[PDB]
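Participant: Enclosed is the structure file my_file-v5.cif (mmCIF, C-alpha atoms; chains and numbers go by the auth columns).
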```
data_work
#
loop_
_atom_site.group_PDB
_atom_site.id
_atom_site.type_symbol
_atom_site.label_atom_id
_atom_site.label_comp_id
_atom_site.label_asym_id
_atom_site.label_seq_id
_atom_site.Cartn_x
_atom_site.Cartn_y
_atom_site.Cartn_z
_atom_site.B_iso_or_equiv
_atom_site.auth_seq_id
_atom_site.auth_asym_id
ATOM 1 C CA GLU A 1 7.453 17.188 -6.225 0.00 1 A
ATOM 2 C CA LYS A 2 9.027 14.980 -3.493 0.00 2 A
ATOM 3 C CA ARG A 3 6.177 12.427 -3.871 0.00 3 A
ATOM 4 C CA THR A 4 7.102 10.341 -6.936 0.00 4 A
ATOM 5 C CA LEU A 5 6.603 6.654 -5.974 0.00 5 A
ATOM 6 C CA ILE A 6 3.670 4.227 -6.061 0.00 6 A
ATOM 7 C CA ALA A 7 3.062 1.913 -3.113 0.00 7 A
ATOM 8 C CA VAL A 8 0.995 -1.321 -3.211 0.00 8 A
ATOM 9 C CA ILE A 9 -1.250 -3.317 -0.922 0.00 9 A
ATOM 10 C CA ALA A 10 -2.590 -6.088 -3.076 0.00 10 A
ATOM 11 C CA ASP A 11 -3.365 -9.790 -3.294 0.00 11 A
ATOM 12 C CA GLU A 12 -0.848 -12.229 -4.908 0.00 12 A
ATOM 13 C CA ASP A 13 -2.020 -12.020 -8.550 0.00 13 A
ATOM 14 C CA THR A 14 -2.353 -8.220 -8.524 0.00 14 A
ATOM 15 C CA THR A 15 1.095 -7.831 -6.882 0.00 15 A
ATOM 16 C CA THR A 16 2.612 -10.150 -9.536 0.00 16 A
ATOM 17 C CA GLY A 17 1.224 -8.040 -12.343 0.00 17 A
ATOM 18 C CA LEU A 18 2.291 -4.779 -10.625 0.00 18 A
ATOM 19 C CA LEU A 19 5.846 -6.094 -10.013 0.00 19 A
ATOM 20 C CA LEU A 20 6.055 -7.069 -13.728 0.00 20 A
ATOM 21 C CA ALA A 21 5.115 -3.488 -14.603 0.00 21 A
ATOM 22 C CA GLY A 22 7.868 -2.274 -12.212 0.00 22 A
ATOM 23 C CA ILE A 23 5.384 -0.994 -9.565 0.00 23 A
ATOM 24 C CA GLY A 24 6.127 -1.820 -5.883 0.00 24 A
ATOM 25 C CA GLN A 25 9.769 -2.653 -6.671 0.00 25 A
ATOM 26 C CA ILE A 26 12.643 -1.669 -4.371 0.00 26 A
ATOM 27 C CA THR A 27 13.657 2.020 -4.496 0.00 27 A
ATOM 28 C CA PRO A 28 17.399 1.804 -5.421 0.00 28 A
ATOM 29 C CA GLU A 29 18.657 4.761 -3.293 0.00 29 A
ATOM 30 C CA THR A 30 16.806 3.862 -0.044 0.00 30 A
ATOM 31 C CA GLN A 31 16.394 0.098 -0.613 0.00 31 A
ATOM 32 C CA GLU A 32 12.774 0.324 0.653 0.00 32 A
ATOM 33 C CA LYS A 33 10.116 -2.039 -0.555 0.00 33 A
ATOM 34 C CA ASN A 34 7.017 -0.559 -2.062 0.00 34 A
ATOM 35 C CA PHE A 35 4.566 -3.480 -1.722 0.00 35 A
ATOM 36 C CA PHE A 36 2.845 -5.648 0.833 0.00 36 A
ATOM 37 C CA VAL A 37 1.077 -8.857 -0.202 0.00 37 A
ATOM 38 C CA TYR A 38 -2.354 -9.577 1.257 0.00 38 A
ATOM 39 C CA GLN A 39 -2.975 -13.329 1.741 0.00 39 A
ATOM 40 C CA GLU A 40 -6.499 -14.296 2.603 0.00 40 A
ATOM 41 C CA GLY A 41 -6.479 -16.309 5.873 0.00 41 A
ATOM 42 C CA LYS A 42 -2.906 -15.289 6.772 0.00 42 A
ATOM 43 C CA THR A 43 -2.702 -11.484 6.856 0.00 43 A
ATOM 44 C CA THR A 44 -4.717 -10.064 9.768 0.00 44 A
ATOM 45 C CA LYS A 45 -6.664 -6.809 9.741 0.00 45 A
ATOM 46 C CA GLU A 46 -4.080 -5.388 12.125 0.00 46 A
ATOM 47 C CA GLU A 47 -1.207 -6.078 9.703 0.00 47 A
ATOM 48 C CA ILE A 48 -3.146 -4.533 6.787 0.00 48 A
ATOM 49 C CA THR A 49 -3.784 -1.458 9.029 0.00 49 A
ATOM 50 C CA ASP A 50 -0.124 -1.282 9.986 0.00 50 A
ATOM 51 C CA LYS A 51 1.000 -1.421 6.346 0.00 51 A
ATOM 52 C CA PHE A 52 -1.554 1.161 5.435 0.00 52 A
ATOM 53 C CA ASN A 53 -0.261 3.642 8.078 0.00 53 A
ATOM 54 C CA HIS A 54 3.326 2.896 7.058 0.00 54 A
ATOM 55 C CA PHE A 55 2.949 3.652 3.364 0.00 55 A
ATOM 56 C CA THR A 56 0.627 6.492 4.343 0.00 56 A
ATOM 57 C CA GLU A 57 2.199 8.214 7.358 0.00 57 A
ATOM 58 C CA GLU A 58 5.734 6.721 7.873 0.00 58 A
ATOM 59 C CA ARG A 59 6.908 7.162 4.288 0.00 59 A
ATOM 60 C CA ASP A 60 6.964 10.550 2.629 0.00 60 A
ATOM 61 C CA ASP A 61 7.925 9.743 -0.886 0.00 61 A
ATOM 62 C CA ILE A 62 4.610 8.076 -1.872 0.00 62 A
ATOM 63 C CA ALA A 63 2.413 9.802 -4.384 0.00 63 A
ATOM 64 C CA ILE A 64 -0.151 6.981 -4.773 0.00 64 A
ATOM 65 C CA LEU A 65 -1.115 4.000 -2.740 0.00 65 A
ATOM 66 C CA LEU A 66 -2.679 1.287 -4.924 0.00 66 A
ATOM 67 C CA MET A 67 -4.931 -1.330 -3.254 0.00 67 A
ATOM 68 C CA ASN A 68 -7.421 -3.952 -4.334 0.00 68 A
ATOM 69 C CA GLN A 69 -10.949 -2.810 -3.496 0.00 69 A
ATOM 70 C CA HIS A 70 -11.541 -5.967 -1.509 0.00 70 A
ATOM 71 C CA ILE A 71 -8.520 -5.235 0.605 0.00 71 A
ATOM 72 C CA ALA A 72 -9.686 -1.610 1.139 0.00 72 A
ATOM 73 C CA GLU A 73 -13.115 -3.162 2.115 0.00 73 A
ATOM 74 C CA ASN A 74 -11.346 -5.197 4.791 0.00 74 A
ATOM 75 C CA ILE A 75 -10.137 -1.893 6.444 0.00 75 A
ATOM 76 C CA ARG A 76 -12.813 0.407 5.070 0.00 76 A
ATOM 77 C CA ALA A 77 -13.121 2.564 8.169 0.00 77 A
ATOM 78 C CA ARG A 78 -9.340 3.177 8.279 0.00 78 A
ATOM 79 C CA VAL A 79 -9.425 3.979 4.540 0.00 79 A
ATOM 80 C CA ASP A 80 -12.545 6.228 4.721 0.00 80 A
ATOM 81 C CA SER A 81 -11.025 8.117 7.638 0.00 81 A
ATOM 82 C CA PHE A 82 -7.779 8.947 5.708 0.00 82 A
ATOM 83 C CA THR A 83 -7.740 12.635 5.120 0.00 83 A
ATOM 84 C CA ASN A 84 -4.182 13.658 4.114 0.00 84 A
ATOM 85 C CA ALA A 85 -3.467 15.262 0.705 0.00 85 A
ATOM 86 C CA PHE A 86 -1.007 12.545 -0.105 0.00 86 A
ATOM 87 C CA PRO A 87 -0.746 9.861 -1.070 0.00 87 A
ATOM 88 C CA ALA A 88 -3.874 9.422 -3.211 0.00 88 A
ATOM 89 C CA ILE A 89 -5.541 6.078 -2.511 0.00 89 A
ATOM 90 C CA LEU A 90 -6.767 4.290 -5.645 0.00 90 A
ATOM 91 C CA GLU A 91 -8.840 1.136 -5.308 0.00 91 A
ATOM 92 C CA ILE A 92 -8.166 -1.266 -8.192 0.00 92 A
#
```
Produce structure tokens that represent the structure in this file.
Facilitator:
Amino acid sequence: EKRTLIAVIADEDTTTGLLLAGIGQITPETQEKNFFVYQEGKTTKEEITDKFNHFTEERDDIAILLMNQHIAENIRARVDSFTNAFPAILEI
């Protein structure tokens, strides 16, 4: 389909491992980034929510949004209210 890419909302260590596996890297043709780093005490709930809606409603090439469970817990009502077919949200 059109939806081929994985997006990432993840703490520092998970992002590091994902970027080593090539996940969340820049899409060559569009130059878009496919990751946002959560930093406890720095990132607000509003920024997490904004990045969520971006990867989820403002991008159209995302098949799967990966997030740490604890980050999904921080915005659980926004996550539980997501209803679209795509992307699939997987909590890691």
Participant: Can you list what the PyMOL selection byres ((chain A and resi 32) around 12) grabs from this structure, as a list in words?
Facilitator: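 Output from the PyMOL selection byres ((chain A and resi 32) around 12), applied to this file: residues 5, 6, 7, 24, 25, 26, 27, 28, 29, 30, 31, 33, 34, 35, 36, 54, 55, 58, 59, 60, 61 and 62 of chain A.
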Participant: Evaluate the PyMOL selection byres ((chain A and resi 78) around 12) on the structure here and hand back the selected residues as a ChimeraX atom specification.
Facilitator: /A:45-46,48-53,56,71-77,79-83,89
Participant: To test your reading of the syntax: which residues would the PyMOL selection byres ((chain A and resi 14) around 12) return for the file shown? Reply as a PyMOL selection string.
Facilitator: chain A and resi 8-13+15-21+23-24+35-39+66-71+91-92
Participant: Padding 3 Å on each side, edges along x, y and z: where is the centre of the box around the listed atoms of region 22-27 of chain A, and how long are its edges in Å to one decimal? Output it as lines of an AutoDock Vina configuration file.
Facilitator:
```
center_x = 9.5
center_y = -0.3
center_z = -8.3
size_x = 14.3
size_y = 10.7
size_z = 13.8
```
Participant: What gap, in Å, lies between CA of residue 65 (chain A) and CA of residue 88 (chain A)?
Facilitator: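 Pair CA of residue 65 (chain A) / CA of residue 88 (chain A) returns 6.1 Å.
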